[PDB]
Amino acid sequence: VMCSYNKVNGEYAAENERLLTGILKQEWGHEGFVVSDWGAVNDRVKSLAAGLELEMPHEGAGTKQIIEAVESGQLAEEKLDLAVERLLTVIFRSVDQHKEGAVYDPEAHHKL
Amino acid sequence: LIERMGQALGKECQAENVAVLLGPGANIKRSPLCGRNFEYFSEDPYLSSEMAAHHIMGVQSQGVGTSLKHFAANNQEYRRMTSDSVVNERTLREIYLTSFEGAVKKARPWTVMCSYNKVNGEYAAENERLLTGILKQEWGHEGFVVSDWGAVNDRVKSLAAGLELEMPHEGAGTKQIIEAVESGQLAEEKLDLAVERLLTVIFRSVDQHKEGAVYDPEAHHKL
Amino acid sequence: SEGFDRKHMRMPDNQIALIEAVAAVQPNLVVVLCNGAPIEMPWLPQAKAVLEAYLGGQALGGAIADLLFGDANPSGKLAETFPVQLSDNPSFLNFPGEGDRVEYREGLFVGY
Amino acid sequence: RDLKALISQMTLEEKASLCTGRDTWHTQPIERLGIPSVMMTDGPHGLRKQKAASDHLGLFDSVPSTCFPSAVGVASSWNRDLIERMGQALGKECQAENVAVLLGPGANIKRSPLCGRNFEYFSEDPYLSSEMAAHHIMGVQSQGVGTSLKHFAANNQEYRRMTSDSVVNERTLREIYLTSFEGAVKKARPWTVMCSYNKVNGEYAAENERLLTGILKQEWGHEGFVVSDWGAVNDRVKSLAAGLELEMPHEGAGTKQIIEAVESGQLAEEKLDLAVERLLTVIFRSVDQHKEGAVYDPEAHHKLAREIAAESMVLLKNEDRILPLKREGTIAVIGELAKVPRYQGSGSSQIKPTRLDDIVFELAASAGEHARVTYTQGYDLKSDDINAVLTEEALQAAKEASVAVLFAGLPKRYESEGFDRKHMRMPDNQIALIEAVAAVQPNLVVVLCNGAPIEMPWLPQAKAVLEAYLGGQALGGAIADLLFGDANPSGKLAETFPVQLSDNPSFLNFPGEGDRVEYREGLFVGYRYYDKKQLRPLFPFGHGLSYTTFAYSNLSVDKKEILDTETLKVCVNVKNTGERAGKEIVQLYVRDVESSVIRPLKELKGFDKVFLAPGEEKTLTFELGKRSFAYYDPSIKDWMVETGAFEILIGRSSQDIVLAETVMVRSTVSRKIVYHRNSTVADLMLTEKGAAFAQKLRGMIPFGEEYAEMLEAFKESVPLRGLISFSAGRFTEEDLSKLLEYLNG
Amino acid sequence: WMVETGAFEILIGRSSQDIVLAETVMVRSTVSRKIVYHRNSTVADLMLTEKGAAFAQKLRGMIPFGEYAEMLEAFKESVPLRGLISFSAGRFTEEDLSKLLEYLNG
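Quick look at the structure:
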């Protein structure tokens, strides 16, 4: 599920813990992970703590922040451990389900 | 003998309008050099547990509460607020926790105070296995847990673990508890349960308070 | 005191020496000790008697007078072991540890 | 030979079949491709070639061979070159018996005095052990014969050895146990290393991939292959994947297992190919290096064995100059161990000798016709009960003599592979004979024949005590020469001799709880423990006496300060201030003066032995380096020097320092300090940003000498998050958050 | 908390060093833990059940090398079940032990 650019009731979706964790993960039982719209993150560490696993597009400063939040004792490393497990789960799935040699009929999809 | 001493102390708390007396301490004497050995009872978990329990009985006979103190392995002072006690389960159960077990069970101190250290990589004020699993569930402690002064590391994590009272007053911890409820991270019924433990002890000390209490400084010097 | 541990287990030096000299001119020597925890006693051969009085509180005066003249009979027994030297005790190899970490390696073999 | 070509011509089965033996002592040949068979054979200190017996326990007789002294006493020689010559004799005997690889030496650390196999291990100290082990290997392999550095793991007790779990923390395992093996693998390059029966931290040695590949193959660069102890493997495919090339003895099921694993795509065939290559490289080596027609002089090895022995015995005590004996008067030799000699162990290291000395005959010989040697038996090695007839005969003999030499020790049945001693005492009826013989003849010399330490409550009534250990097939002439002074005693204990069993560090955790033993004493093994605790031993590590005296002089170091990447030269002068020539042993220790981690007070870090005529003086030279000063640091997974002063200590023992000097070693590793929510107010003074806030602080805290002590103690050790509780609301979680940014950028 | 069926000694002293009177009693546990066999159980562990000591016979004989008396007993008692594979002359295999572990655990 992709989060939006806007705030909901004064909090950016990409860091709205009640929205991504409280309602989406806990209440509804979403098993996958949350990705941002492109450039949507305001603070990476705030976003990780709230339930956003993947920042898009690549922003390398966010990686230096997550490391320092762990080492400075402001982010528990098991929050990060939990997040890597959700991400790695979807990535390995699509690998394993990829069909090598796949082709498709441009003629028929024009019919479809 | 110690049970009569605790009664005198209880008579001194009634005359000074003292609700709860922070004590006794019952940590185990692991090393001879520990600074606070003078205010601990013994190296042996049985003798310790006995004296501690009868201390609690005498104080509490007069309707005054106690805070059986430094629940964990606060066995050295050096770097106590950041030190990690690495204790295996047999040693921890047979030795350190057993100095506390007899006293909690027979004497029923109204409160237990946790210590500044970690036990096995978790701060006492937030070790749910220690404050809930062993103190509340296994031993059936009915009162509440209060932190040593400034010992809390995270207020919300400590509430989830079984620590009801943060001392001294830290107002940020209150705004954090409120925000944990609203964001769906802490159930409000965890908090309701906490208020019920706290209010139960407080109304007790009020209802058992003896107005007009005095005491004979002459005889306590005899005692 | 609260807030720090002792660095050694000895009595002050100018005291041990006075015990030794007074003993050399008066063998009939009684020693009373005021302390909260165990100490080494290299002088013990020259004291005929040793009353361990610990921290006897605001009425220690009358109590020690009673014990010394027999109006009370002494009836106390050590509740901790008194080692010969500091290095004998079980915690010596792991106390106070390496920084913020101390390993209770002696196990159940604490004290006596 | 182009080995990758040979392996490519092999079928899948032929490859997998090389991976286990053919029988109990030979490897699998492949006749179609000309791969020969070669023979393994036991013997850390002598050949145990078994003609026709599938026996890994030394229960069946074998071909008779030279029985050199056992590790315990040869290690007491402190003679790196002496043991290297022995390895040459052993290599000449393997060449004559067509023995490809000689299974040994063993170099496990002596954690407990009670371990059964201590008689065939070298020391409690990792440095001395690695030296003797390395020079053992070098001498053997100079003759083109392979070795099997033995029991790679922590095989430190025999009880339940095939199921026991050695629980060792990472620092202890690197600094103590694995370091006795490390030096020898690196300098001597033994062709094979044998794994142990036990688990290490919950994984059987024979499949502890981190141990066999991570440490032995990858880090240390062992080029040869790993062979299992006999029967040690738990799963062959697990063992192959982990770095064990040869299962012994032959187990054919594992070959069908290796085959089916490649076919199921669960073991990559290139892991198997690499394995055939390691084995074939050692096998072709011993073939190419075999010297056909090999012989050897059994006459001369008995010479070599008499020499090793007289350097491998520790004179423990000698009052009133009772030793060396005078060739006059009458000498009363007492005790059945003087007629039924104790000179080796039992188990897979038991040799069938080629000759064997008569101790009384040799004493008679050395005495000359100006002295009478008598013999009385005295006690009963097959009993624990006093004998009233022997005791009257011994007393009567000793009453007639000027001096009495009483042989005592430990019967053969006390020390063996497969079980540990139950106590540390000598037999009872021996202790009694010492006391009574003493009561009628105070001039009493005692010789002990034993593989490991014992208690000596009788020690006051012996004027002299020669620790002769297990001196081998020539211990007769050896003890005769020492006792008469034709050789000078020159040995020093390589293990500590405690007063009582309960003094030693393994006592609270030996042998454990079932299949689990926790090495809880950590780094405090042997003398490292007795030094730290100030627990006086019966005799300390490195203790030995001589019939001459030695003065030490002129400690000096070429540089007074080195970086941890640099090397250092130590020099000391030894002079014989006595009137008999002799050889002297010099021990060099290092003392880290201040360290942020727990360390022993001293660690032995070099040694040499030196022969001096009366009045002669020489100069011995040591070299120190990074490993002379470093402790092991699991966080960076490497060795670490801490910038400071270390003290260099030259002694005749671990108790007796005679000379010291301080040097300054400086680390080349700069670690970035990283602040966090529980760093102390004192941690701020490591950076100039941090001490800036430190002053602005400790005032934001609101609260006379009497309590001066603890107000400093409070303020320096409070964590940064702890200021939140004592700043009158002025320091919040948001501030600490901003502070942690500044501190970390 | 766990009691082990056996003898315990009651000791009356003036100190921890000075015992003046003693007496022995027998405490008997009421807890039976089922023994569970596995591939590294010892030949001695087989003697906790009547099924196990049944197979225990001749299995110690199957060791083909069955003064050195002390250590040969120590060997035979302490070998794990899987260790017999190495010293039974091909007569005890992984499938045999596999069948043995089913029987022992039922």
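Chains as they are written, first to last, in full-length UniProt numbering: chain A, 197 to 308; chain B, 86 to 308; chain C, 420 to 531; chain D, 5 to 707, 712 to 753; chain E, 643 to 708, 714 to 753. We put the beta carbon where it would ideally sit given N, CA and C, even for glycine.
is_contact[residue i, chain F] using C-beta, thresh 8 Å
i: A:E227; result: In the structure shown, chain F cannot be found, because the protein chains are A, B, C, D and E.
Status (buried if at least 16 other CB within 10 Å, exposed otherwise) for residue i
i: D:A75; result: buried
i: D:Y636; result: buried
i: D:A158; result: buried
i: C:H427; result: exposed
i: D:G619; result: exposed
i: B:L220; result: buried
i: D:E88; result: buried
i: D:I180; result: buried
i: D:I483; result: buried
i: A:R289; result: exposed
i: residue 4 of chain D; result: Residue 4 of chain D lies beyond the residue range present for chain D, which begins at 5 and ends at 753; the question has no answer from this structure.
Own chain partners of residue i with C-beta closer than 6 Å, once the 5 adjacent residues on each side are dropped
i: D:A466; result: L448, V450
i: B:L107; result: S152
i: D:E471; result: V318, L320, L452
i: B:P130; result: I180, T183, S184
i: D:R175; result: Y636
Inter-residue CB distance, residue i and residue j (contact presumed, cutoff 8 Å)
i: D:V667; j: D:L624; result: Not really, about 18 Å apart at Cβ, beyond 8 Å.
i: D:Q434; j: D:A412; result: 5 Å
i: D:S671; j: D:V645; result: 5 Å
i: D:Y531; j: D:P544; result: 6 Å
i: D:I363; j: D:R52; result: At roughly 24 Å, the Cβ-Cβ gap does not stay under 8 Å, so D:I363 and D:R52 are not in contact.
i: D:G50; j: D:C71; result: 5 Å
i: D:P68; j: D:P357; result: 6 Å
i: D:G150; j: D:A104; result: 6 Å
i: D:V726; j: D:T691; result: That belief does not hold up - the Cβ atoms of D:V726 and D:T691 are roughly 18 Å apart, past 8 Å.
i: B:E124; j: B:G110; result: 6 Å
i: D:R346; j: D:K416; result: 6 Å
Cβ-based neighbour list, residue i, same chain, cut-off 8 Å, excluding 5 preceding and 5 following
i: E:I732; result: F739, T740, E741, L744
i: D:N513; result: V521, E522, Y523, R524, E525
i: residue 709 of chain E; result: Here residue 709 of chain E is not present, the numbering of chain E passing from 708 to 714 in one jump.
i: B:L271; result: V241, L244, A245, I262, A265
Where residue i meets chain D, residues with beta-carbon distance less than 7 Å
i: A:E267; result: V678, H680
i: A:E264; result: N752
i: C:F423; result: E717, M718, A721
Own chain residues within Cβ distance below 7 Å of residue i, not counting five before or after
i: D:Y300; result: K96, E97, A100
i: B:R165; result: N159, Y201, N202
i: E:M689; result: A695, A698
i: D:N508; result: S116, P117, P502
i: B:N238; result: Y208, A210, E211
Interface residues of chain D facing residue i [CB-CB closer than 9 Å]
i: B:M198; result: The contacting residues do not exist; B:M198 stays about 15 Å from chain D at best.
i: C:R520; result: Within 9 Å Cβ-Cβ: nothing; C:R520 doesn't reach chain D, min ~10 Å.
7 Å Cβ cut-off: residues of chain B touching residue i
i: residue 709 of chain D; result: Residue numbering in chain D jumps from 707 to 712; residue 709 of chain D, which lies between, is not modelled.
i: C:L474; result: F123
Proximal chain D residues relative to residue i, where beta-carbon distance stays under 8 Å
i: E:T684; result: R164, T167
8 Å Cβ cut-off: residues of chain B touching residue i
i: D:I566; result: What D:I566 touches in chain B: nothing, since even the nearest Cβ is about 33 Å away.
> Considering only residues of the stretch 15-94 of chain D, which uninterrupted beta strand (DSSP E) runs meet the minimum length of 3 residues and lie entirely inside it, listed in chain order?
Replying inline: 44-46
>> Threshold first: 3 residues or longer. Then list the beta strand (DSSP E) segments lying entirely within the stretch 208-295 of chain D, N to C.
In response: For the stretch 208-295 of chain D, the full-length beta strand (DSSP E) segments reaching 3 residues or more read 229-231 along the chain.
> Going along the chain, which unbroken runs of the alpha helix (DSSP H) with 4 or more residues stay wholly within the stretch 511-598 of chain D?
Replying inline: The stretch 511-598 of chain D contains these whole alpha helix (DSSP H) runs: 531-537.
> Could you give the uninterrupted runs of the beta strand (DSSP E) lying entirely in the UniProt domain "Fibronectin type III-like" (588-658) of chain D, keeping only those of 3 residues or more?
Replying inline: Secondary structure remark: continuous beta strand (DSSP E) runs of at least 3 residues inside the UniProt domain "Fibronectin type III-like" (588-658) of chain D, in chain order: 607-616, 621-628, 635-637, 642-644, 648-655.
> Which ranges would you report for the beta strand (DSSP E) in the stretch 113-184 of chain B if only whole runs of at least 3 residues count?
Replying inline: 150-156, 169-171
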